[PDB]
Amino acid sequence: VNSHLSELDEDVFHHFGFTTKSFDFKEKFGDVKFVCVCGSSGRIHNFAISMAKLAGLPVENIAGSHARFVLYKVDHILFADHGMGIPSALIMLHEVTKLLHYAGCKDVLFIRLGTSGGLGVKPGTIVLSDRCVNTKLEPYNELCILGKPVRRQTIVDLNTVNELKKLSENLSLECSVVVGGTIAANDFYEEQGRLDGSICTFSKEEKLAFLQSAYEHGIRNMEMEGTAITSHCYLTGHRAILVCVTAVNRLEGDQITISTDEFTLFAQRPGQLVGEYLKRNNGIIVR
């Protein structure tokens, strides 16, 4: 545990815009067993609204006025956004895991409901990550702490992934549910092998050798935070999974050509699976 936290009279959650004196954390958050996250404040809000409807229950922002992130709560589930990229995700992760610790919450499941680029699967596919790796296909998150290199192993809650897959096989979703590996990259364009950024120093041949090699190593999609979420939660005593929809088949192209409406439809598909899971696993109270 971080003993330095005891030195504080009050802990200011800078990016959520509240402090430990804002509410009673044990009373307020003590019953939380799940945290659902994604890059979009609007989308995670909508998801929380859907969970409230399922709970038979407005879903009001718990975060303060000038916060970078939103925070909602529906029964035993916390909802937060985390922007895009490992650094932004680590800001959310630090402050939410502190919150959870202060509330007395242990062994919480974090669920990332994101969007991603697919490898060898159709757009709209749900990929359940069975491992999260960097762009060198290594299951580690890399950090530089006090100027020194550190690596933290990525651990996916595989027992839960398998339960979700089994669940999906018994459901009627309008998409395939693929279990496979997930590359987290530190950019949307060049690090993801895109030819269509403002800069590109490689050929299509080199792009496809990179992506096809990843495919052969079991990778089925690519996003920007996976290695942060699945390394940090384990180290703070929690569990984590990634449930991402694909928005493009990167073996065919780079551009996101589907409509805004179609993208929104696709992005809601992880929530449709996960929502029923949460319902069956005491995420909400069925009223």
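Throughout, rigid core stands for the largest set of C-alpha atoms superposing within 1.5 Å between the two forms. Quick note: we count residues from 1 along the sequence shown, nothing fancier.
> Can you check whether 58-66 or 252-260 lies farther from the displayed model in 4 other deposited structures of this protein, averaging C-alpha distances as RMS after superposing on the core?
Looking at 58-66 and 252-260 in 4 other deposited structures of this protein, the bigger mover is 58-66.
> Would you class the number of unmodelled deposited residues between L57 and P58 as none, 1 to 3, 4 to 9, or 10 or more?
Missing residues, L57 to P58: 1 to 3.
> Using the B-factors recorded in the PDB entry, average over the C-alpha atoms of 164-172 and of 145-153, then report which stretch comes out higher.
Per the PDB record, 164-172.
> Would you mind comparing 223-231 and 65-73 for me and telling me which has the higher average C-alpha temperature factor in the entry?
Per the PDB entry, the higher value belongs to 65-73.
> Using only the C-alpha B-factors in the record, can you name which of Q192, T201, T182, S88 has the highest?
Reading the PDB entry, the winner on C-alpha B-factor is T201.
> In terms of the chain's CA B-factor thirds, is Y140 lowest, middle or highest?
Middle third - that is where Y140 ends up once the chain's C-alpha B-factors are sorted.
> Taking the entry's C-alpha B-factors for this chain, is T246 in the lowest, middle or highest third?
As the PDB entry reports it, the C-alpha B-factor of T246 lands in the lowest third of its chain.
> Within this chain's modelled residues, let me know which third the CA B factor of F25 belongs to: lowest, middle or highest.
According to the entry, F25 has a C-alpha B-factor in the chain's highest third.
> Lowest, middle or highest third of the chain for the C-alpha temperature factor of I285?
Top third by C-alpha B-factor.
> Please place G42 in the lowest, middle or highest third of its chain by C-alpha B factor as given in the entry.
Tercile = highest for this residue's CA B-factor.
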